[PDB]
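Encoded as C-alpha cells, the structure appears first; notes follow it.
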Amino acid sequence: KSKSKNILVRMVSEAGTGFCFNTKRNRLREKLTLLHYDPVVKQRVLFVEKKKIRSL
Amino acid sequence: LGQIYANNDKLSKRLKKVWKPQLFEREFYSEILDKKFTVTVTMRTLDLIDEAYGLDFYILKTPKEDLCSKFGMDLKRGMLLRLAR
Amino acid sequence: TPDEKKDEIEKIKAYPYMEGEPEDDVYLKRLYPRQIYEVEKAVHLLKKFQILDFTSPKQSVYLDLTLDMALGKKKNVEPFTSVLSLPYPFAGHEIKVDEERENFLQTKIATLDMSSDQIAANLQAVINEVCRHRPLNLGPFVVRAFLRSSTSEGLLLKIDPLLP
Amino acid sequence: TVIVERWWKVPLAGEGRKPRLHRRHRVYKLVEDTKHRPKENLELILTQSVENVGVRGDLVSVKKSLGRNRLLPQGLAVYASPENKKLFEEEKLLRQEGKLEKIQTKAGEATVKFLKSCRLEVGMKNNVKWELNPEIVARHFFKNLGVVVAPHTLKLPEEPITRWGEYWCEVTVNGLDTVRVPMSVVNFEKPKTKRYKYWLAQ
RNA sequence: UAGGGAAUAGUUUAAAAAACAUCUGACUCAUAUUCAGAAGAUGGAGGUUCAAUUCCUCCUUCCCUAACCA
RNA sequence: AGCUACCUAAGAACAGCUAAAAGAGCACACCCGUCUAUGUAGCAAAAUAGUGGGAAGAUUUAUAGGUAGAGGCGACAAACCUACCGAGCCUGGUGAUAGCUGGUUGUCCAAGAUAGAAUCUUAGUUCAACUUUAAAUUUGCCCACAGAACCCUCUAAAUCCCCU
RNA sequence: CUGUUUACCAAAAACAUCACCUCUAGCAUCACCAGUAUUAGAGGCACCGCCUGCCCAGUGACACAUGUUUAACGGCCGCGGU
RNA sequence: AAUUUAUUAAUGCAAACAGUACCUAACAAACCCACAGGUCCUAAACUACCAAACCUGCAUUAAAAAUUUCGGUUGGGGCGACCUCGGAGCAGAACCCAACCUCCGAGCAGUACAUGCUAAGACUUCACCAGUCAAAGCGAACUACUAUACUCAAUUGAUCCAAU
RNA sequence: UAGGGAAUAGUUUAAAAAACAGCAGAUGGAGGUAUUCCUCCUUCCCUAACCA
Ligand SMILES: [K+]
Ligand SMILES: [K+]
Ligand SMILES: [K+]
Ligand SMILES: [K+]
Ligand SMILES: [K+]
Ligand SMILES: [K+]
Ligand SMILES: [Mg+2]
Ligand SMILES: [Mg+2]
Ligand SMILES: [Mg+2]
Ligand SMILES: [Mg+2]
Ligand SMILES: [Mg+2]
Ligand SMILES: [Mg+2]
Ligand SMILES: [Mg+2]
Ligand SMILES: [Mg+2]
Ligand SMILES: [Mg+2]
Ligand SMILES: [Mg+2]
Ligand SMILES: [Mg+2]
Ligand SMILES: [Mg+2]
Ligand SMILES: [Mg+2]
Ligand SMILES: [Mg+2]
Ligand SMILES: [Mg+2]
Ligand SMILES: [Mg+2]
Ligand SMILES: [Mg+2]
Ligand SMILES: [Mg+2]
Ligand SMILES: [Mg+2]
Ligand SMILES: [Mg+2]
Ligand SMILES: [Mg+2]
Ligand SMILES: [Mg+2]
Ligand SMILES: [Mg+2]
Ligand SMILES: [Mg+2]
Ligand SMILES: [Mg+2]
Ligand SMILES: [Mg+2]
Ligand SMILES: [Mg+2]
C-alpha cells in the first residue's frame with residue numbers, strides 16, 4: 001500500500017476528436033506525448049497527457 | 001408534529017420533531033366594535049392583517065378554515081351582528 | 001481582497017448622490033445627497049466661493065481623486081508615480097500617492113485663475129495619467145472625484161463621461 | 001412560519017378521494033423558515049406630520065415594526081389601500097388649486113425646526129473690507145449651520161454691515177414660514193485654528 | 001508447550017556519536033580532580049542490494065506474557 | 001404499596017433485678033432467626049422442638065394516607081414493589097418468531113443412496129450431482145489395433161481414447 | 001462499638017455509624033425550607049490514639065496569561081562493578 | 001463498540017423589542033491687520049454606537065440517554081494459528097481428489113502505445129459468477145525484427161453507489 | 001485526492017541586507033517575456049474530502 005512507483009494518466013488526442021485512452025507512466029518522468037491510433041480520424045495522431053487518474 | 005432524518009440523510013436515524021410557531025402578544029383595535037383586544041398572534045397574522053388593511057377586514061374576509069380560531073369566529077359574529085342591526 | 005480595503009470600496013460606491021437642486025428652496029444639506037456635478041459648473045462655482053469667502057484670486061486647486069488603486073485581481077495593484085505634464089502646466093507634475101493607501105490622491109491641477117476650459121483639459125489629462133498604472137478594463141479604476149480649492153470644500157464631479 | 005416538505009412521495013389519490021398516508025409520509029425536511037427571510041417594508045399614508053417619516057398625504061415605506069407599533073396604533077398613518085389612496089389624492093388636488101393651503105414638505109419642517117433654534121456665526125475677515133450681502137450670508141449657513149439657503153430667500157436687516165456686531169436674518173422656508181435667526185458677526189478664524197484654539201483646549 | 005521483544009567499544013546509552021573505564025602525556029612533593037592526546041564496537045550463520053547496525057531468514061542467550069472452563 | 005421497601009398524620013406497648021448516667025448489663029411480654037435435629041405432597045408453597053440475638057431504642061407495633069414499572073423504594077443484598085422481579089401484573093399487538101426438539105390420521109404396487117461449489121456458512125440454504133415423471137429421436141454400455149513427456153528415485157496396480 | 005442485609009440455602013470480615021476530609025451553593029412563598037455558609041446538598045473514608053510520605057507527565061475536573069488540583073482517576077525504576 | 005441528540009442545559013446567530021449620540025492637535029517663511037486675528041503653501045472626504053429577559057427557528061458543545069451488534073474454521077470451546085491467489089509432493093501413467101498435511105511463492109515490475117476493431121470454432125478449477133485460447137476479416141505493420149491476442153505463474157475484488 | 005497559499009545562505013527574517021548556526025555562504029527546480037510578470041513539476045502547509 002505505502003509503496004508508490006507508477007501512475008495512471010489520461011492521454012487525450014490532439015486531433016480535437018475527444019478520444020482518450022489511459023496509460024501507465026513513471027511518477028518521476030515527464031508528461032507523456034505519444035503517437036497513438038485515433039479511431040475517429042482513423043489514423044495515428046499525437047496524444048498528450050492531461051490528468052492523473054490514480055496512483056498505481 | 002412529524003419526523004426528520006438526522007443530518008437530512010435517510011440512512012440515518014428517524015427522530016421525532018415538533019416545529020412551534022413564534023408567538024407574540026399584541027394589542028389590536030376593532031372599528032366596528034370600538035374595543036381593544038390583547039391577542040396572542042404570529043408574524044403571519046400581522047402580515048395578513050396588513051394585507052387586509054385592518055383587523056375588521058381580516059376578520060370579516062377570512063373564512064373559518066383560514067382563521068383557525070374560535071375567538072376569531074366570535075369576533076366575526078360580533079362584527080356581523082352590529083352590521084346587520 | 002482584505003475585508004477592510006474591499007469593504008470600503010463597496011461602501012464608497014454606496015454613498016448616494018443626486019442630480020439637480022431639490023425642489024425645496026431652503027434645505028438642510030443632511031436631508032439631501034451630494035448634488036453639484038458638472039466639471040464646468042464646478043470650476044465656475046469654485047470661483048464664486050472665492051469671491052464670497054474673500055481670498056486670493058489665484059489658489060491651488062487640490063483635486064483629490066478616490067481612484068480604485070486596487071482590486072485588479074484578488075491581488076491588488078500597488079502605488080506608483082506616473083509623471084506627466086498637464087496640457088497647461090500651472091504657474092512633469094508628480095501624481096503622488098496616499099500614505100494610508102486608502103486610494104485618495106492629492107494632486108494639484110490648476111491655479112484658480114486658470115480658465116475653466118484649461119482646467120477642464122488639465123483634469124482630463126490626469127484621468128488618463130492615473131489610469132496608466134492599471135489601465136485594464138478588468139477592474140474599474142475610478143470611483144469618486146472631489147475638486148476642491150485650497151480654501152473650499154470638495155465637490156463631487158461627474159467623472160463617469162470623462163473616465164474612458 | 002416553518003415550511004416543510006415530505007421526504008417520501010405520496011401516491012396520487014385521484015378525483016374526489018383522500019390521499020392514503022403511510023407513517024413514512026410524516027418524515028419532513030425543513031424547506032424554509034420565513035422568519036429568517038429579508039424583511040419587506042410597509043407602505044402607509046401619513047395623516048399627521050412625523051418628525052422624520054414624512055408629512056400628511058405622503059406615501060411612506062417604513063419598517064413593519066415602526067408602522068405597526070407606532071404610526072398605525074397612534075393614528076399617525078393609515079393603510080395605503082385603494083380607497084385611502086383616492087381620498088388623499090383628492091385632497092392633494094384641492095391644496096394645489098383650491099382653498100386648502102399649501103403645507104411644508106418633509107424637509108421643510110425639519111429645517112424650520114432647526115432654524116427656530118440656531119444662531120449663525122458669520123465669520124468675517126478683519127484685513128479685507130467686507131460688506132454683508134445675501135449671497136455672502138447664504139454661504140455661511142452652508143459652512144456653519146449646514147443649511148443650504150437660496151440667496152433670494154434671505155432678508156438682511158437692510159442696514160449695510162461692515163462692523164463686527166449682532167443683527168437678524170429673516171429666513172423664509174419654501175415661501176410659507178418666515179424664521180428670524182440670530183446673527184453674530186465675528187472675526188473670521190480658519191477651521192484648523194478655531195478647532196485647535198478652543199475645541200482642543202477645552 | 002504456546003506467543004512478543006531485545007542483543008552496539010571492557011561498562012552504560014545514542015542514530016557508527018558521546019560518556020566514563022583503559023592506555024599516553026602535562027600539571028602535584030606524590031595521589032585524586034582537572035587539562036591535552038590515544039586507541040578501541042554493530043551475539044551467531046545465510047541471503048538481497050553497488051552499498052545493510054538501518055530489508056528478510058534460522059539458531060544461541062536472556063527477558064516478559066499466557067498456560068483456562070466443567 | 002391491605003405483602004414488602006421508604007415516608008407522612010395522629011396512636012399504642014415495653015415486668016422484675018443491677019446501675020441509677022446509658023443506641024448500659026441480666027431477664028419476661030414482645031421483635032428477630034444463630035446452631036442442631038425433625039419435617040421435605042409437611043401442621044407449614046419456609047413449619048415444629050430445643051438452643052440462641054435484641055428487648056427505653058437507629059426499638060416494636062395497630063390505623064389511615066403517599067411514592068408505580070423507560071418507574072418506585074433501598075443503612076447496595078442487584079434487596080424489596082401481593083407466594084415465581086437482572087426487573088411487577090393483566091389485556092392487547094399475537095396464530096410474535098424459532099435454520100431448534102416433538103408430532104403429522106385409509107389400502108395396494110412401483111422407481112429410488114447420493115462428485116462438488118458458494119455462503120456471518122458448515123444443526124441451514126441455493127446451484128451442481130444423484131433421484132422421479134412425461135415427451136422427443138439416437139445411440140449408450142462393454143471395447144482391437146494405433147495413440148497420450150520430458151524433467152525425475154519407487155522403470156506400480158491401472159486409466160484415457162476405442163472399431164468389432 | 002449499638003444497629004443493618006440476601007422474606008424462602010449466605011447475618012458475615014459485607015452495609016450503616018459517631019469522627020475526619022473533599023466537592024457544590026450568596027438564596028425565600030409546595031421538596032431543600034417557612035431554612036441562609038457554625039447552613040444546605042453531593043461524596044469518600046470509618047470512633048478514638050500515632051500517622052496519612054513522593055508524583056499534576058497522562059486522564060478528569062477547574063481555570064484561563066502562563067496554569068491549579070491526588071483525603072480526584074491513578075502512579076510511585078533499571079543495568080554493571082566494589 | 002456503531003448510530004443519534006429528538007430531549008435537557010449552556011452558548012452563538014436569526015427572530016422580536018427601544019432609542020442615545022453624530023468629533024478637535026494650529027503656529028505668519030513672506031505680507032496684512034490698532035486688537036483678536038487674517039492672505040499665501042489644501043479649510044477635503046467620512047457616522048458611530050445600539051434594546052436586558054421570555055418565547056420561536058437554525059447551529060455548536062455538553063450532560064443524560066436511546067437503538068443495535070459482538071464473524072467463521074477448530075480432533076469440545078477458549079488461547080494460539082488460520083481465512084484470497086499461484087507452483088511442487090501426497091495424487092508415479094487422461095481429468096478430479098482431503099487433513100490445524102509436507103515445502104516454496106503472489107497482493108508486482110518491465111517493455112509497447114494498433115496491449116486497434118471485428119468474428120468462426122473451442123477450453124473452463126467440478127454449479128453460477130468469473131476466467132482462458134483463437135482461424136478468417138477490417139485497419140495497420142511489413143519484403144533485417146523465432147514480426148500478428150506483448151514479457152510474465154499468482155501479481156487480485158461482484159452489485160449498488162459516488163466522481164466525471 | 002481537491003483547490004488556496006508558500007518556498008531566499010544550514011536556520012529565521014529584510015528589499016540581494018542583517019541575525020544565528022558552521023570566511024564560506026542564497027533567490028526549490030525547469031521554461032519563457034526578473035527574488036520582484038507568467039507557466040509546468042517537486043516538497044510542505046491550509047481547507048475540505050477519504051463515499052461505495
Ligand atoms: K399506602
Ligand atoms: K431429540
Ligand atoms: K442452521
Ligand atoms: K449476627
Ligand atoms: K493534570
Ligand atoms: K477429541
Ligand atoms: Mg401500607
Ligand atoms: Mg410522624
Ligand atoms: Mg423494663
Ligand atoms: Mg441495651
Ligand atoms: Mg441485653
Ligand atoms: Mg431497612
Ligand atoms: Mg455488593
Ligand atoms: Mg452481586
Ligand atoms: Mg408477583
Ligand atoms: Mg411456529
Ligand atoms: Mg422397488
Ligand atoms: Mg459474507
Ligand atoms: Mg452442509
Ligand atoms: Mg465406442
Ligand atoms: Mg436467606
Ligand atoms: Mg430480613
Ligand atoms: Mg440464615
Ligand atoms: Mg464497612
Ligand atoms: Mg479515624
Ligand atoms: Mg496519600
Ligand atoms: Mg567480589
Ligand atoms: Mg460483524
Ligand atoms: Mg466457532
Ligand atoms: Mg482445540
Ligand atoms: Mg485468537
Ligand atoms: Mg465448468
Ligand atoms: Mg488473422
Side-chain angles (χ1 to χ4, degrees), chain A residues 1 3 5-6 10-11 21-39 42-44 47 51-56, chain B residues 3-7 9 11-26 40 42-43 46, chain C residues 8 11-12 15 30 34 49 53-64 66 74 78 102 104 106 108 144-156, chain D residues 1-2 30 32-37 39 64-66 69-70 123-128 143 164 186-202:
Chain A
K1 298 183 71 68
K3 62 180 68 180
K5 198 176 206 188
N6 311 298
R10 171 184 302 99
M11 306 282 306
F21 77 92
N22 293 344
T23 199
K24 170 196 56 177
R25 86 145 157 94
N26 198 311
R27 178 188 308 280
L28 307 189
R29 83 153 300 180
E30 298 177 318
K31 272 214 164 183
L32 294 174
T33 298
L34 289 169
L35 197 74
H36 187 279
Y37 175 71
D38 178 327
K42 306 171 197 324
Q43 65 183 357
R44 278 183 309 278
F47 281 68
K51 194 172 310 164
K52 192 199 78 159
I53 302 299
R54 58 157 302 177
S55 294
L56 298 186
Chain B
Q3 315 267 330
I4 59 175
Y5 288 124
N7 308 310
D9 163 28
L11 284 181
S12 73
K13 294 211 185 286
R14 177 170 43 83
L15 309 166
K16 296 172 186 166
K17 172 74 170 172
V18 180
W19 289 270
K20 293 179 179 179
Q22 195 174 26
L23 293 185
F24 299 101
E25 274 163 341
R26 295 290 192 269
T40 305
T42 63
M43 293 299 304
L46 290 185
Chain C
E8 293 176 351
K11 289 186 191 178
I12 61 190
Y15 298 147
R30 172 187 51 90
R34 303 294 300 278
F49 294 162
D53 308 340
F54 306 93
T55 187
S56 168
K58 296 194 176 179
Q59 300 171 257
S60 299
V61 182
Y62 288 119
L63 163 68
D64 200 337
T66 303
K74 184 170 187 177
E78 296 302 320
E102 181 181 359
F104 57 90
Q106 299 198 11
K108 179 187 178 182
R144 292 198 315 177
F146 292 102
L147 184 63
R148 76 157 166 280
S149 175
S150 174
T151 65
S152 170
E153 69 275 15
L155 318 174
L156 186 51
Chain D
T1 310
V2 162
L30 178 57
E32 160 166 73
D33 191 352
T34 73
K35 65 179 73 174
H36 308 320
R37 269 195 199 144
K39 292 188 292 184
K64 273 165 171 181
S65 186
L66 182 62
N69 298 327
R70 186 198 178 197
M124 299 306 281
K125 316 193 166 39
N126 62 34
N127 289 337
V128 295
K143 294 167 51 188
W164 306 272
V186 176
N187 193 30
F188 159 85
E189 299 183 12
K190 311 163 44 187
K192 202 158 191 184
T193 73
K194 201 164 187 180
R195 288 169 310 176
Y196 183 99
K197 270 175 189 299
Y198 315 114
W199 194 349
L200 169 65
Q202 294 177 335

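Within every chain, numbering begins at 1; the chains are lettered A, B, ... in the order of the sequence lines, protein sequences first and strands thereafter. What you see below is based on every heavy atom in this structure, not just the backbone, and it leaves out hydrogens, waters and symmetry mates.
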**Prompt:** Would F/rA47 and F/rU38 pass as a Watson-Crick or G-U wobble pair if both distances have to be under 3.5 angstrom?
**Reply:** yes
**Asked** Are H/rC31 and H/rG38 a pair by Watson-Crick or G-U wobble criteria, both distances short of 3.5 Å?
**Response** yes
Opposite nucleotide pairing with [N], Watson-Crick or G-U, both atom distances under 3.5 Å:
N	answer
H/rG86	H/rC104
G/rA13	none
G/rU66	none
G/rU39	G/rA25
F/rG65	F/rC7
E/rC23	E/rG37
H/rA52	none
G/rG53	G/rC76

Given [N], is OP1 or OP2 found less than 4.0 Å from the side-chain N or O atoms of [X]?
X	N	value
A/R44	H/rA141	yes
A/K24	H/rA109	no
A/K42	H/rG139	no

Using the [atom1] atom as the point on both nucleotides, what is the distance between [M] and [N], in whole Å?
N	M	atom1	result
F/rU125	F/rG102	P	16 Å
H/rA127	H/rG87	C1'	27 Å
H/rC82	H/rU102	P	14 Å
I/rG22	I/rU1	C1'	41 Å
E/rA17	E/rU42	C1'	13 Å
H/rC133	H/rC138	P	24 Å
F/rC120	H/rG71	P	13 Å
F/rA136	H/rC117	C1'	43 Å

**Request:** Just compare H/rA109, H/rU4, H/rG116 and give me whichever is closest to any side-chain atom of A/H36.
**Result:** H/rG116
**Complete:** Of the candidates H/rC113, H/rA14, H/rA18, the side chain of D/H36 sits closest to H/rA14
Stacking test, [M] against [N]: centre separation of the six-membered rings below 5.5 Å and plane angle below 30 degrees, yes or no?
N	M	result
H/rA65	H/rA66	yes
F/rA41	F/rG42	no
H/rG86	H/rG87	yes
G/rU69	G/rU70	no

Starting from [atom2] on [N], measure out to [atom1] on [X] and report it in whole angstrom.
X	N	atom1	atom2	result
B/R14	H/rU68	CZ	P	14 Å
A/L34	H/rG116	CG	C1'	15 Å
A/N6	H/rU155	CG	P	18 Å
A/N26	H/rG110	CG	P	7 Å
A/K1	H/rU155	NZ	P	18 Å
A/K3	H/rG110	NZ	P	12 Å
A/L35	H/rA140	CG	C1'	12 Å
D/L30	H/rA14	CG	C1'	13 Å

Taking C1'-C2'-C3'-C4' as the guide, is [N] a north (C3'-endo side) or a south (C2'-endo side) sugar?
N	value
F/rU138	south
H/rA25	south
I/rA34	south
F/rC28	north

Is [Y] close to [X] at the side-chain level, that is, under 4.5 Å between some pair of heavy atoms?
X	Y	answer
B/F24	B/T40	no
D/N127	C/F54	no
C/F49	C/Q59	no
A/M11	A/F21	yes

Could you list the residues that satisfy side chain to side chain contact (heavy atoms under 4.5 Å, CB included) with [X], not counting sequence neighbours?
X	value
D/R70	D/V50, D/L66, D/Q74, D/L76
D/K194	D/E121, D/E189, D/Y198
A/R44	A/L35, A/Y37
B/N7	none

**Prompt:** Can you give one letter per nucleotide of nucleotides 35-56 of chain H, going 5' to 3': B for a protein heavy atom under 4.0 Å from the base, S for sugar-phosphate only, - for none?
**Reply:** BBBBSSSBBBSSS-------BB
**Message:** Within the 4.0 Å limit for protein heavy atoms, which parts of nucleotides 27-52 of chain I are touched? Write it as a string from 5' to 3', B for base, S for sugar-phosphate only, - for none.
**Reply:** --------------------------
**Prompt:** Can we say D/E32 and D/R37 salt-bridge, meaning some charged N sits less than 4.0 Å from an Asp/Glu carboxylate O?
**Reply:** yes
**Request:** Measure the distance between the ring centre of A/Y37 and the centre of the six-membered base ring of H/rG116, then answer whether it is under 5.5 Å with planes under 30°.
**Result:** no
**Message:** Classify B/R26 by what it touches in the nucleic acid, base, sugar-phosphate, or nothing, heavy-atom distance under 4.0 Å.
**Reply:** sugar-phosphate
**Prompt:** Is B/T42 touching bases, backbone alone, or none of the nucleic acid, heavy atoms closer than 4.0 Å?
**Reply:** nothing
**Item:** Any donor-acceptor N/O pair, D/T34 side chain to D/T1 backbone, under 3.5 Å
**Value:** yes
**Asked** Between D/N187 (side chain) and D/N126 (backbone), is there a donor-acceptor pair under 3.5 Å?
**Response** yes
**Complete:** For residues 23-35 of chain A, the salt bridge (charged side-chain N to carboxylate O under 4.0 Å, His left out) pairs (sequence neighbours left out) are A/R25-A/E49
**Syn-anti status, with the boundary at 90° from 0, for the nucleotide H/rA112** = syn
**Message:** Checking understanding here: a glycosidic angle within 90° of 0 is syn, the rest anti, so what is F/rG16?
**Reply:** anti
**Request:** Tell me, please, which residues at least two apart from D/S65 pass side-chain hydrogen bond (donor to acceptor under 3.5 Å, both in side chains).
**Result:** D/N69
For residues 14-23 of chain B, which side-chain N or O atoms pair as donor and acceptor with protein atoms under 3.5 Å away, sequence neighbours left out?
unit_1, atom_1, unit_2, atom_2, d
B/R14, NH1, B/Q3, OE1, 3.3

